[PDB]
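One chain comes next, on its own, written out as C-alpha cells in the form solved without its partner chain.
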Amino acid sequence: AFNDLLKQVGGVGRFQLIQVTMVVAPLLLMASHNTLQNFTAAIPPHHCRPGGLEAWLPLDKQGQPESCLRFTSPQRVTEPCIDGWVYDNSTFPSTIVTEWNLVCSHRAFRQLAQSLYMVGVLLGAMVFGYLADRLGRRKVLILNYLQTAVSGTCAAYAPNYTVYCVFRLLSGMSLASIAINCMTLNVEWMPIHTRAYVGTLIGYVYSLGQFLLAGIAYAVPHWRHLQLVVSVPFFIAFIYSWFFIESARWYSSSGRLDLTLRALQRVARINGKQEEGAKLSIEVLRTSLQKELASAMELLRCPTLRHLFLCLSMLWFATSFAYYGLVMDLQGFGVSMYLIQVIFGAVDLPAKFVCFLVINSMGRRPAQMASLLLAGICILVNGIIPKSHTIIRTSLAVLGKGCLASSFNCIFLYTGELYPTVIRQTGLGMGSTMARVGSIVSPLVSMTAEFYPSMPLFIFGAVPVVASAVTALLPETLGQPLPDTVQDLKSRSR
C-alpha cells in the first residue's frame, strides 16, 4: 500500500502544510471569478439620451423615467434609444453593461457571458481532467494558473463583447481545472484520515473568497480594474507553482518508480525524515505497491446502478442550478450588493453547522430532503413577496443560500456513500458534471426575466422541490457499511 509509505515520510509535516496552503490559496479568488458578473456587469439606472430632460423621457407605471424609450418630440410618440443611453455613474461608474450597452434589447448578452463562462468551466473539468492522467497534476496546475492569469487580464482589456466572452470561457476552463486538481493533488499527498479535512478546508476557503469578492469590488468599482485585480494574482500563483512537488501516487501509478522515490526523498528532506526516507528504495516501493498496481458506461447497462445514477444526477443538477440562479441576482434585493455578498459569505458557516448536525442525527436522506425543500420554498416565497420588502426578501434569499450550501455538502457525502467502490469515483465525477451542467443552464433560465419578471425565481425554486421529492427514492446509508460491488448493492436493496 501507499499509506504506510506516506506515513513513514512524516505524515502531515512542513511540506504538506506549505503545499496545501499554496495550492489552496487560489480558491480565494475562485469565488470572485465565479460570481464576478454581479459587480463587473451591474446594471445602473439608465434612459435614452435626448422642457427639460423630464419632458423627453416617457413615464412608466412606477413613475420612473422609461429605461429604453424616448419622446420623439417635446411634450406623444416613443422611440428606442438610437442616440444611446444615459447611465448613472453615482454608484457604478463603468460596467460591461455601460461599456457595451448590454441593456434592454441586448440584456440577454449579460446572461450569455455567464453561461459561456460556465460552459468553459465544464469543458475544463472534462479536458484537463483527462490531461492530468497524462501530464500529471503539477504540470496541469502550472498551465491552469498561466491560462487563468492570461485570460483574466485579456478579458479586463477586452475591446469588444465577443473577445470578453472568449477569454471568460477560457478563464473558466482554467479555474475549473484548478479546482478539480487542487483537491486531487492534496488528497494524493495526504494520508487517508485527512482527506475529509482537506475537503472541509476547501469549503472554508470558498466561503472566505465570498468575503474577498465583496471587499475587492467595494475597493475598486470600475469593471476593467476589478477584473484585472482579481485576475493578476494568478500570475504570482503560476510563478510559485513551479516549486510544487508532484504527487508520488501518480508517479507510482504511471510506472515511474524512480520518480516516486525521488519525490518521497524530497518530501522526507522537507519534513525532516531523511533517515526514514533513505530506507525507501525501488524494491521496497515495488513490493509495497504490487497489490495496488469500472467504466462509466456500465452506469446505464446495469439497472441497479442506473437508478442510482439517474436520481443522483437529478439531485446534483437541481442543487447547482438553484444555487447559481439564486446567487447571481444580488442586485434584485433592494439592498447594497456589498452587504448582500458579505451576508451570503457569512451564512455559509451556520449552514454547514446545521447540515452536520442533521446528517449525524437524522440521516442523509432527511438532510437532503430538508435542504432542497427549504431552499425551494424560500426561493418561491421570495418570488411571491413584493419587491418593495427589501429586508424580508433579503432574509429569505440568505436562508435559501444557506440551505443550498447545506444541500451541496449533503449531496457530496450521500453520493460518496451510495455507490459501490468499484464505480464510486466515476459516480462522483458524473454527479459533479451534472452540477456543472446546472450551473451552465441557470443563466439561460434567468434570461427569461425579460418577458416574465418573476419566472426565473419560480423555476429556481421549483426545481429543488422536485429534486427533494426524488430524494425519497434513494436508500439510507447512515449506519451502514460502504458497498464494494454491485452484489453489495443488490444485498442492500433487498
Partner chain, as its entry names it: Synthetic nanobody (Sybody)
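Positions refer to the first chain, counted from 1. Superpose the two forms; the largest set of C-alphas matching within 1.5 Å is the rigid core. Residues that one form lacks are left out of the comparison.
- Out of the other entries of this protein with residues modelled on both sides, is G334 skipped in at least a third? Modelled in all the others, so no.
- Is it true that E292 has no coordinates in a third or more of the other entries in the comparison? That residue is missing from at least a third of the other compared entries.
- Query: Can you say how many deposited residues have no coordinates in the span between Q75 and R76, choosing none, 1 to 3, 4 to 9, or 10 or more?
  - Reply: 10 or more residues lack coordinates between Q75 and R76.
- Task: If the chain runs straight from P50 to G51, say none; otherwise bin the unmodelled deposited residues as 1 to 3, 4 to 9, or 10 or more.
- Result: Gap between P50 and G51: 4 to 9 unmodelled residues.
This protein has a second form, the form deposited with its partner chain bound, left out of what is shown; the following refers to that one.
- Message: Quick check for you: of 40-48, 460-468, 431-439, 53-61, which stretch puts a non-hydrogen atom within 4.5 Å of its partner chain in the deposited bound form?
- Response: Among the listed stretches, the partner-contacting one is 53-61.
- Taking the shortest heavy atom distance, is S395 within 4.5 Å of its partner chain in the deposited bound form? Result no; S395 lies far from its partner chain in the deposited bound form.
- Message: I'd like to check something about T78: if you look in the deposited bound form, is any of its heavy atoms closer than or equal to 4.5 Å to a heavy atom of its partner chain?
- Response: Yes - in the deposited bound form, heavy atoms of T78 and its partner chain come within 4.5 Å of each other.
- Task: State yes or no: in the deposited bound form, is some non-hydrogen atom of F71 no more than 4.5 angstroms from a non-hydrogen atom of its partner chain?
- Result: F71 belongs to the contact set for its partner chain.
- Message: I want to check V470: does it shift between this form and the one not shown by 2 Å or more at the Cα, with the core superposed?
- Response: Indeed, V470 is displaced by 2 Å or more.
- With the core superposed, could you pull out the runs of three or more residues whose CA atoms all shift by at least 2 Å between this form and the one not shown? The segment that shifts (3 or more residues, C-alpha shift of 2 Å or more) is 470-473 alone.
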